[PDB]
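Novice: Attaching a single structure in structure tokens format; questions to follow.
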Amino acid sequence: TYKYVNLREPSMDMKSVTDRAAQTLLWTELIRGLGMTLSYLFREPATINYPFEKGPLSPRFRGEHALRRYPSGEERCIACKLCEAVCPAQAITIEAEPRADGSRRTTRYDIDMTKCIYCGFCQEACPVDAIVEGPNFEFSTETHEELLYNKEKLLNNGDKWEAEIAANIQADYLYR
Amino acid sequence: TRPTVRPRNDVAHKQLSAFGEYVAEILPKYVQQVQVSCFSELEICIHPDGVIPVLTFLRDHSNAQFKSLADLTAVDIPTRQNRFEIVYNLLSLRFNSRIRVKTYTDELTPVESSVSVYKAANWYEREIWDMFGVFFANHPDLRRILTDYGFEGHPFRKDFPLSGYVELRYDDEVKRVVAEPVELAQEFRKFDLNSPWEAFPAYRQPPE
Amino acid sequence: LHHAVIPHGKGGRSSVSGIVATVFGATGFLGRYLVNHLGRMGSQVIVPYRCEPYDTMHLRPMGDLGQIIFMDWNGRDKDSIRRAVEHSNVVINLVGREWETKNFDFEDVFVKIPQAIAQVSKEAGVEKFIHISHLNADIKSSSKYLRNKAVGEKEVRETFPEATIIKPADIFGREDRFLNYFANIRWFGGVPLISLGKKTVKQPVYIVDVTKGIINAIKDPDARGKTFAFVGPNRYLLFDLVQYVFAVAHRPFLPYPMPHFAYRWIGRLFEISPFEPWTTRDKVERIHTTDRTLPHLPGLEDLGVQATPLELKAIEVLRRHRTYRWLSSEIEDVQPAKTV
Amino acid sequence: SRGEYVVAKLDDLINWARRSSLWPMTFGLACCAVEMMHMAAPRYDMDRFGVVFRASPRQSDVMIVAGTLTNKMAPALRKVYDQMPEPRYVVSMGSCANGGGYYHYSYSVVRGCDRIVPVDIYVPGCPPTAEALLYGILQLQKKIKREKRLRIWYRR
Amino acid sequence: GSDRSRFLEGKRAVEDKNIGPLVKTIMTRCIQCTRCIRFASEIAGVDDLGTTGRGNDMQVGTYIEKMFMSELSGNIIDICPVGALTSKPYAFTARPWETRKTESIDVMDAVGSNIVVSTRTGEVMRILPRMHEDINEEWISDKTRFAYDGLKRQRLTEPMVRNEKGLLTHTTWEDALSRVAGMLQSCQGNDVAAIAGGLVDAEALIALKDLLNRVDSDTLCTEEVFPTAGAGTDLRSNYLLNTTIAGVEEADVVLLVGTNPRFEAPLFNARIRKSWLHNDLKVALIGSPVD
Amino acid sequence: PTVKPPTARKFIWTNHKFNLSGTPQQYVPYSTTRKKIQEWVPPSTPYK
Amino acid sequence: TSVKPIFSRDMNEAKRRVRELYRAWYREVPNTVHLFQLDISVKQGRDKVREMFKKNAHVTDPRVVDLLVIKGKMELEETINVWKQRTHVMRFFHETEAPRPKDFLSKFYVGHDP
Amino acid sequence: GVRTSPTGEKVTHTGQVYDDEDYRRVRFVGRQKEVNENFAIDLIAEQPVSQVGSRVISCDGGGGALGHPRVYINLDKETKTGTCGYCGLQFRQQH
Amino acid sequence: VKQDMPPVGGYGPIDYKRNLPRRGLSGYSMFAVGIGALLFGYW
Amino acid sequence: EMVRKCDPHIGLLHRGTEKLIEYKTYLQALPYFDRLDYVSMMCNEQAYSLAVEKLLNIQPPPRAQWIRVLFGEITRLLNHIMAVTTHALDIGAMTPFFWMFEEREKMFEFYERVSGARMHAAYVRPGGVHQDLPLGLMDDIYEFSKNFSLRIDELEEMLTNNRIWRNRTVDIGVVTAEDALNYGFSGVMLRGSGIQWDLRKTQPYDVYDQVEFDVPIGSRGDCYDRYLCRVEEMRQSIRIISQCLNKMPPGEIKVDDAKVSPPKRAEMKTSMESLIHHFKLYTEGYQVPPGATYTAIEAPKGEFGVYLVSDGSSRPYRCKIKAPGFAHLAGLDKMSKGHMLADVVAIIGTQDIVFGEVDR
Amino acid sequence: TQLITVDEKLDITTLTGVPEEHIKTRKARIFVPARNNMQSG
Ligand SMILES: CCCCCCCCCCCCCCCCCC(=O)OC[C@H](COP(=O)(O)OCCN)OC(=O)CCCCCCCCCCCCCCCCC
Ligand SMILES: NC(=O)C1=CN([C@@H]2O[C@H](COP(=O)(O)OP(=O)(O)OC[C@H]3O[C@@H](n4cnc5c(N)ncnc54)[C@H](OP(=O)(O)O)[C@@H]3O)[C@@H](O)[C@H]2O)C=CC1
Ligand code: SF4
Ligand code: SF4
Ligand code: SF4
Ligand code: SF4
Ligand code: SF4
Ligand SMILES: [K+]
Ligand SMILES: [Zn+2]
């Protein structure tokens with residue numbers, strides 16, 4: 001159930017000794033290595049053409065966060081603070097009060113995108129699928145505070161990417 | 001109890017109880033308690049004067065043969081007067097087993113270094129100097145190994161806070177990365193999560 | 001006072017200072033250390049920049065998030081100034097050019113732009129304005145710099161009646177043009193002077209002292225409308241000053257007199273390039289101008305600043321110019337220069 | 001004017017020369033070094049963009065701070081950045097280098113590498129994928145493309 | 001309990017009520033434990049909560065549109081083990097794991113109820129009682145529970161002085177303390193005096209007493225006019241509740257003269273009622289015939 | 001989406017925007033909550 | 001009250017070890033100013049070392065001053081071997097920190113600190 | 001349903017807009033205050049009241065496992081409709 | 001149930017060993033080629 | 001150039017992991033372990049999962065254990081590609097680096113399909129695994145393992161027979177067996193030095209006593225025998241992936257003790273007890289019985305161990321992390337004596353040192 | 001004898017690395033935590 005790597009006693013007959021001396025003088029394994037390199041010279045390379053092509057992904061991908069909505073216009077977030085409770089980086093800050101129709105909604109929903117570790121506990125802790133971690137990963141910014149999303153940027157990302165996040169959750173929610 | 005509950009290994013429990021009685025009745029000078037956990041692991045709680053004479057037994061004895069030092073660990077507990085709980089974990093490759101040797105100290109009592117028995121601890125208890133402040137006499141290069149060079153204090157003591165007492169920022173005045181008192185932009189929000197209902201009745205502590 | 005501008009915290013980086021500063025000319029030498037010293041109190045600093053944004057990059061590590069706001073501005077543009085200073089409560093003016101260019105003379109930089117900034121800061125409701133003039137600025141000087149800067153001094157004083165005018169005497173530092181000018185005439189031919197430079201008297205003031213003076217001028221309500229004269233504690237001749245410069249850097253030193261026959265013409269001999277000028281005739285007329293003594297004005301003693309002299313920081317400045325053979329030297333090797 | 005067009009084309013040439021052959025330095029710290037090596041790997045392939053490693057800080061342009069910035073390597077990072085010739089750029093890769101990350105409240109973590117060096121392009125993630133890092137590098141090229149160095153010099 | 005369900009039917013939906021602007025009532029969540037009724041009958045003594053219905057439709061309600069307004073009517077927010085009775089000012093605003101529980105003292109009445117101000121990120125969220133056997137057993141009045149949001153309106157924040165017109169405007173502490181001490185240094189005798197309020201601790205009172213003893217001014221007064229005739233305040237036994245609050249549980253006859261202890265000191269009335277209930281106390285009230 | 005079109009809503013954007021960094025359309029963070037402590041405003045009448 | 005010592009039996013040998021550590025730092029300070037090419041003087045450095053020694057001047061516990069000797073030897077070994085940098089030596093000279101309030105009136109003015 | 005302050009700044013659905021003398025509008029000078037313009041309280045008013053004929057109605061937000069957890073609403077109040085606790089929809093017993 | 005499972009007949013066997021094809025001539029053949037090249041060059 | 005003293009100063013990446021674990025609950029403190037050894041993510045998840053499940057006195061379902069072993073061997077392929085290719089990169093052969101990172105890119109696509117993120121999955125949780133395999137994943141894992149053995153073959157064609165490689169690894173850092181046991185070496189550092197020890201064979205965890213594989217044992221204890229041991233562990237990992245894809249059992253992927261693993265979101269929105277358990281697992285978390293375990297597994301670097309002390313509450317009281325690279329980098333001081341500057345780089349290559357878990 | 005006599009006050013304020021500002025201006029509070037009246041445990 002175990003094997004001995006490098007426990008080969010080489011043969012000491014004049015045929016194999018002449019073969020190893022020919023390997024030493026005439027460099028057989030060097031030509032073998034150069035031949036393997038030459039065999040990779042004549043292949044199709046695996047360089048995809050970004051940004052006109054895109055790297056392959058899955059519908060489970062963890063990218064930019066967003067707050068979704070029902071198919072009636074109402075925002076899903078009912079201010080229940082599970083997403084900031086299970087947040088391992090404590091990137092989420094939630095401050096809530098009843099709004100003008102008495103419904104339990106947030107007033108501050110901040111996800112610090114530089115504390116956030118993109119592990120997706122908030123998309124699985126949210127009982128109403130309000131916060132989701134959508135498809136976008138090309139949201140690099142030139143300044144640090146543009147990576148401190150408030151509620152407004154997350155609702156705008158939800159309105160931006162809803163046409164994709166709805167199909168991804170539609171394809172994926174049977175596993176969850 | 002068939003799908004989800006862990007299968008109990010009574011063989012390991014009986015063999016570790018026999019070997020715990022063995023190590024107890026050989027060394028009554030240093031071995032204080034011998035316990036076997038419910039998940040079949042052995043713990044030999046000893047006195048800090050027996051760091052070398054216990055381990056040198058377990059490194060050498062023909063029915064111990066714990067040749068490997070897997071992990072040396074200190075656990076700080078503030079409510080005890082001997083607050084540091086230094087934990088030796090030993091692996092015997094021939095007897096296919098592990099033992100745990102648990103000693104104790106406060107901040108000022110030195111614990112004897114075990115580099116003469118296992119050289120592997122040459123960093124580990126050295127780390128216990130850096131992370132806890134437990135001094136290990138007769139150690140060759142005992143100095144800090146994980147913290148920064150200008151770090152005053154010992155981090156993994158539980159009276160040391162989560163964020164430190166200094167932060168580093170670059171400063172263009174003196175053209176230098178300097179240390180200033182920390183002011184967190186967001187406070188570390190501590191969550192009082194301990195539910196007041198008794199989760200495990202078999203671990204109940206009897207009252208005063 | 002407004003609830004967001006109430007000073008909080010222990011005065012560190014993430015504290016709130018109660019200071020909203022608009023630092024014009026912040027991408028130079030004084031604005032560098034001024035944004036550095038304001039950002040460690042947590043002051044919301046508006047930085048108007050004219051240059052490339054890359055040249056402003058070294059201002060970004062000087063504060064917390066959102067405590068430095070960069071924005072474009074032009075000097076002949078009232079709209080940019082009113083767009084930049086309307087939310088502040090102190091406007092510091094550090095706009096200066098040691099040399100005139102094709103698009104800006106000294107009249108644009110010292111008379112037009114400070115009067116525009118002070119006029120807008122009056123007519124937009126700013127409580128504190130701070131202007132920076134030179135100590136030798138006079139109406140009838142032989143240099144264009146000091147004449148235009150004294151005229152701009154009088155204009156800023158008369159159009160904003162509480163403008164804290166500050167007179168630093170001669171500032172030395174790391175990115176200066178005072179010790180870096182005296183040390184970077186070494187391989188040109190022998191440090192030219194007039195009558196061996198023993199005829200003009202200076203007192204150099206240190207830049208951290210000037211910056212702490214600007215901070216204490218922002219803090220002090222008693223410092224409204226004054227005309228401060230920031231000077232160093234020790235007065236020097238120019239000759240033994242340049243002795244001390246070439247004696248800290250451990251350099252050869254053979255000065256020579258270059259008279260007024262041809263040492264104003266080495267300007268038009270030595271700025272034939274249109275680039276950043278090494279010398280000019282205004283630099284010649286200002287280095288060979290003595291520092292006037294104005295004891296009646298309040299100085300660094302009258303804002304709670306201990307003035308740090310030359311000898312404790314000249315090694316920090318001029319370690320850059322030693323070749324290799326005395327980089328492992330000390331401050332206890334060079335004898336300090338003679339005061340006057 | 002005419003010379004305005006001359007310095008405009010000169011800015012176009014030198015900004016193209018600087019954004020077309022950015023040379024990153026071999027600087028990784030943590031998990032993001034693996035994904036930066038994936039951004040060098042034959043799928044996403046930085047080297048097609050003229051983006052090739054030089055280990056010396058003297059001969060590099062962009063410093064991808066890929067990992068976590070502790071206290072013990074803050075002056076090392078500052079001296080490495082100071083030993084890069086101007087123009088030099090900084091891409092902050094990953095959440096720990098951006099704003100403290102998963103170890104933001106720790107006792108020995110510098111909360112973001114913008115406290116130490118000036119940072120141009122923040123690439124968020126934990127780790128950002130090699131495609132996202134490549135997006136940050138191409139956004140850095142779009143940032144270098146709209147520089148106006150000689151135009152501002154002619155207009156100063 | 002078990003970790004999953006066997007129920008596959010349609011649940012019940014119990015109608016909400018309206019019992020006041022303090023106790024938000026969502027009766028779907030009730031479990032019919034009847035702590036409402038036992039509290040409102042035995043301790044609060046109001047007798048306005050009951051069970052209407054028989055079987056699974058047994059609704060803990062009032063059967064009328066009555067507004068349950070007692071002096072202790074918020075304490076059903078404490079002892080309801082489910083979320084059927086919530087605190088309407090505290091409703092939707094916080095969540096208990098993040099609350100920093102800081103132990104403190106009520107000042108709204110003279111009972112001095114041991115409380116916990118539980119906060120969140122440096123802002124007061126709610127006020128709970130502490131279980132303390134001699135004072136406030138585990139109850140508080142409604143003023144104690146719901147007066148935290150008067151603590152965040154119309155607050156004084158900055159020093160304010162009269163300008164040349166006679167209007168109060170903001171100023172620093174140097175200017176304000178200079179303009180107070182410049183008048184203070186020109187006073188002596190009874191030319192300076194002090195009125196104390198209702199919510200001021202002993203440290204500030206003794207600080208201002210020593211300050212006016214630097215001037216030799218003994219005229220320092222309170223809002224509440226206690227008679228200084230006789231022993232006055234000299235012996236302590238003529239202005240205290242000399243027995244205890246717990247000593248009400250040892251008495252048999254309690255005389256109340258001119259007071260309304262329901263509203264002046266509500267948990268003292270709750271202790272009087274507990275002695276009335278369990279000890280068969282006799283109470284006589286010389287004063288107005290109040291409920 | 002030419003074969004399986006996405007499901008339409010009233011709130012999804014009719015104009016997808018690219019990354020708006022560096023432009024005047026760049027995101028600015030701010031507090032989305034109102035003022036907590038109501039400060040006392042003095043009556044502006046004379047006090048006699 | 002009978003506990004195991006570290007290196008010193010009583011206060012006399014502990015004072016001897018503190019004294020030899022101060023000897024080592026007094027010898028060390030000119031080398032630290034020289035090879036790190038600092039901007040400080042030997043007078044200023046030795047007065048700061050005097051301040052660092054007098055910061056712990058209230059201890060009569062022999063084990064505590066033994067551990068202070070050992071940690072001073074660690075600082076010394078991190079200074080002789082160039083393991084500290086310029087910044088780790090200049091962290092003792094708190095130069096970038098603003099001057100903190102000391103009296104009652106300024107601490108009253110700036111915040112709620114006792 | 002966004003309205004505009006007298007200062008010149010948009011109003012969120014929370015109700016936050018800065019003062020005229022608050023300095024923190026200077027972060028919006030030269031940039032834009034990214035607010036949402038699909039207000040949820042104005043989009044939930046366009047939903048008609050669902051006329052149902054039961055006494056206890058079961059609302060789950062639609063979709064089955066993609067909505068909120070399924071709750072039960074009593075509808076015996078005829079003056080007030082039965083508002084769902086999560087989704088903001090509302091029902092009515094038609095008799 | 002519909003779940004990620006292996007197919008009906010399982011999977012095919014997977015090679016996990018070394019395969020170095022033993023190419024090239026013998027030693028005598030390589031020295032014969034080299035010495036013949038020497039002799040032709042010399043002639 | 002003859003090196004007389006190697007002092008490896010560490011702590012340049014010490015980010016205080018095992019103090020931050022003491023303030024965060026068990027689900028919250030899982031993704032720290034992905035970030036310790038950042039090429040052996042799910043193996044560290046598996047070690048912490050076995051520690052928490054040993055304290056909780058529960059066990060995973062069978063399908064979750066087979067998924068853990070399958071992705072543990074995919075992670076072993078990741079770590080040994082990283083080890084071989086960076087040990088060749090630190091010498092100068094930078095070509096099989098670029099060859100094998102296409103295969104490692106495909107395995108990160110497998111992680112991106114099975115969990116969503118490419119490196120730090122947060123997948124292997126205490127109670128089994130978090131999410132069941134997507135449809136069509138095992139077909140791609142079979143189509144990957146059908147092609148990866150040729151990649152191992154051509155890598156061994158390049159570097160094993162090459163004399164320039166053998167001159168850099170034959171007599172470099174010989175480790176004697178008794179001093180290997182003395183210095184706390186574990187895993188490959190033992191097995192290259194002739195010591196027969198593999199924690200999947202001797203102290204077996206979840207289903208390694210059902211899959212059949214071989215243990216590569218060296219003969220001289222140099223860099224070269226450990227190179228051959230890593231190549232052969234890639235061979236045996238292909239063997240174990242074949243045996244796991246042929247023997248994947250149906251069923252669930254979490255433990256059905258719903259007080260430990262969260263319920264399905266389909267029944268979280270339908271049942272009451274499932275919503276209460278979802279709420280209290282994602283806000284408080286689950287309580288753990290009080291006690292101290294040291295669960296140690298065979299990460300591809302060696303013994304990766306968690307000494308977890310649980311006070312009874314839903315947060316760990318102590319979580320000590322034993323890394324293999326810590327004791328290996330301790331043994332660096334003996335291993336580099338008698339060699340030069342260009343051999344210390346090869347010794348740091350043959351001990352696969354990821355400093356995130358060396359520093360914690 | 002290997003045991004020394006220490007009758008001095010057991011003080012480690014110079015060994016925990018804590019600055020002086022967080023020793024002589026901080027008020028530690030030892031208390032049994034009161035029961036949350038929402039709950040019965
Ligand atoms: C009086 C009249 C003259 C005035 C002074 C003129 C001085 C020289 C000017 C040279 C050209 C300057 C303009 C440079 C390009 C400006 C336009 C531009 O932005 O083009 C971009 C385009 C590539 O676009 P990009 O975004 O990089 O592509 C991403 C992939 N889609 O880029 C391209 O398609 C290629 C750009 C090539 C640039 C020209 C070729 C290099 C320069 C050769 C001459 C100078 C060389 C001197 C000697 C060097 C050593 C041989
Ligand atoms: N000799 C001295 O050092 C002393 C100087 N002062 C005064 O203090 C001030 C600061 O001095 P210092 O830091 O040394 O000078 P600098 O040359 O170092 O910096 C001046 C700054 O002003 C800006 N500026 C100047 N003119 C214009 C313009 N027309 N349009 C836009 N920006 C402009 C420059 O920006 P950009 O790069 O975009 O042009 C630069 O950032 C000056 O006003 C100076 O006269 C006072 C006493 C002594
Ligand atoms: S992905 Fe993780 S770290 Fe990020 S906000 Fe969600 S729970 Fe927090
Ligand atoms: S995002 Fe979800 S989990 Fe977070 S508070 Fe809103 S509804 Fe609750
Ligand atoms: S941001 Fe996260 S994943 Fe990235 S290097 Fe840091 S710890 Fe690793
Ligand atoms: S106390 Fe709560 S659970 Fe009990 S009867 Fe009242 S509403 Fe129902
Ligand atoms: S938190 Fe308690 S009262 Fe509220 S819905 Fe859940 S079980 Fe019912
Ligand atoms: K309740
Ligand atoms: Zn609903």
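Labels for the structure tokens follow display order: chains A, B, ..., residues from 1 in each chain, ligands from 1.
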Could I get the residue neighbourhood of ligand 2 at 8 Å, counting only C-alpha atoms and all ligand atoms, as a PyMOL selection string?
Specialist: (chain C and resi 24-32+49-52+55+73-75+93-98+103-104+108-110+113+132-135+149+167-172+175-178) or (chain D and resi 156)
Novice: Go ahead and dump the residues you just picked, C-alpha atoms, as an mmCIF file, in the first residue's frame.
Specialist:
data_model
loop_
_atom_site.group_PDB
_atom_site.id
_atom_site.type_symbol
_atom_site.label_atom_id
_atom_site.label_comp_id
_atom_site.auth_asym_id
_atom_site.auth_seq_id
_atom_site.Cartn_x
_atom_site.Cartn_y
_atom_site.Cartn_z
ATOM 1 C CA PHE C 24 -5.033 76.818 -2.553
ATOM 2 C CA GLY C 25 -1.682 75.900 -4.041
ATOM 3 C CA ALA C 26 -1.704 72.670 -2.036
ATOM 4 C CA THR C 27 0.370 70.704 -4.572
ATOM 5 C CA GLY C 28 3.597 72.583 -3.852
ATOM 6 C CA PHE C 29 5.900 72.733 -0.842
ATOM 7 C CA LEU C 30 3.896 74.466 1.893
ATOM 8 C CA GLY C 31 0.603 72.907 0.823
ATOM 9 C CA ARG C 32 2.173 69.446 1.115
ATOM 10 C CA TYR C 49 -5.545 71.506 -8.120
ATOM 11 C CA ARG C 50 -4.639 72.900 -11.536
ATOM 12 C CA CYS C 51 -1.990 70.369 -12.536
ATOM 13 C CA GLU C 52 -2.109 66.718 -13.552
ATOM 14 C CA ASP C 55 1.139 65.172 -9.409
ATOM 15 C CA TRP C 73 -9.719 75.230 -10.649
ATOM 16 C CA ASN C 74 -8.267 78.037 -12.732
ATOM 17 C CA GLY C 75 -6.685 81.259 -11.537
ATOM 18 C CA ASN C 93 -3.900 80.931 0.112
ATOM 19 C CA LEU C 94 -0.492 79.429 -0.700
ATOM 20 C CA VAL C 95 -0.467 80.329 -4.402
ATOM 21 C CA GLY C 96 2.992 81.404 -5.511
ATOM 22 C CA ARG C 97 5.521 81.112 -8.305
ATOM 23 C CA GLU C 98 9.227 81.714 -7.840
ATOM 24 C CA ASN C 103 0.933 82.605 -19.161
ATOM 25 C CA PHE C 104 1.525 83.970 -15.642
ATOM 26 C CA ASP C 108 -1.312 87.224 -12.102
ATOM 27 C CA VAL C 109 -0.056 85.005 -9.291
ATOM 28 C CA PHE C 110 0.338 87.651 -6.557
ATOM 29 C CA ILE C 113 -5.549 85.443 -7.960
ATOM 30 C CA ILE C 132 0.869 84.180 2.867
ATOM 31 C CA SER C 133 3.180 87.078 2.017
ATOM 32 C CA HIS C 134 6.981 87.307 2.124
ATOM 33 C CA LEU C 135 8.817 89.190 4.858
ATOM 34 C CA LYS C 149 3.586 90.545 -3.238
ATOM 35 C CA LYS C 167 5.064 86.620 6.766
ATOM 36 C CA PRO C 168 7.408 83.627 6.767
ATOM 37 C CA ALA C 169 10.913 85.024 6.462
ATOM 38 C CA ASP C 170 12.733 82.370 4.396
ATOM 39 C CA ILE C 171 11.546 78.772 4.489
ATOM 40 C CA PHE C 172 13.916 75.812 4.328
ATOM 41 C CA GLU C 175 11.393 70.199 -1.240
ATOM 42 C CA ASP C 176 12.390 73.850 -0.808
ATOM 43 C CA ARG C 177 14.301 76.232 -3.058
ATOM 44 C CA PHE C 178 16.432 77.718 -0.271
ATOM 45 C CA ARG D 156 0.768 76.315 -16.968
#
Novice: I'd like the contact shell of region 32-41 of chain H - 10 Å cut-off, only C-alpha atoms, skipping same-chain residues fewer than 3 positions apart - returned as a VMD selection string.
Specialist: (chain A and resid 69 to 70 72 to 76 99 to 101 103 150 to 157 159) or (chain F and resid 10 to 12 23 to 30 32) or (chain H and resid 1 to 3 9 to 14 25 27 to 29 44 to 46 88)
Novice: Would you mind listing what lies within 8 Å of region 70-79 of chain G as a PyMOL selection string, with only C-alpha atoms counted and same-chain residues fewer than 6 positions away left out?
Specialist: (chain B and resi 143+149) or (chain G and resi 21+24-25+32)
Novice: Residues contacting ligand 5 - anything with an atom at most 8 Å away, using only C-alpha atoms and all ligand atoms - can you give me those as a VMD selection string?
Specialist: (chain A and resid 117) or (chain D and resid 29 to 33 66 to 68 93 to 98 101 to 103 124 to 128) or (chain J and resid 35 38 119 to 120)
Novice: Applying 10 Å and only C-alpha atoms, which residues near residue 343 (chain J) remain after dropping the ones on its own chain fewer than 6 positions away? List them as a list in words.
Specialist: residues 2, 3, 91, 168, 169, 171, 172, 173, 335, 336, 337 and 349 of chain J
Novice: Could you save the residues just selected, with C-alpha atoms, as a PDB file, in the first residue's frame?
Specialist:
ATOM      1  CA  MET J   2      28.511  29.027   2.144  1.00  0.00           C
ATOM      2  CA  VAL J   3      25.594  29.817   4.430  1.00  0.00           C
ATOM      3  CA  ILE J  91      15.094  27.435  -9.694  1.00  0.00           C
ATOM      4  CA  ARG J 168      19.868  20.953  -8.032  1.00  0.00           C
ATOM      5  CA  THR J 169      18.058  18.317  -5.909  1.00  0.00           C
ATOM      6  CA  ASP J 171      22.240  16.127  -2.350  1.00  0.00           C
ATOM      7  CA  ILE J 172      20.324  19.221  -1.219  1.00  0.00           C
ATOM      8  CA  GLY J 173      19.013  19.213   2.340  1.00  0.00           C
ATOM      9  CA  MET J 335      18.581  21.717   6.497  1.00  0.00           C
ATOM     10  CA  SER J 336      20.568  24.624   4.994  1.00  0.00           C
ATOM     11  CA  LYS J 337      23.904  23.968   6.738  1.00  0.00           C
ATOM     12  CA  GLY J 349      10.934  25.217  -2.463  1.00  0.00           C
TER      13      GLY J 349
END
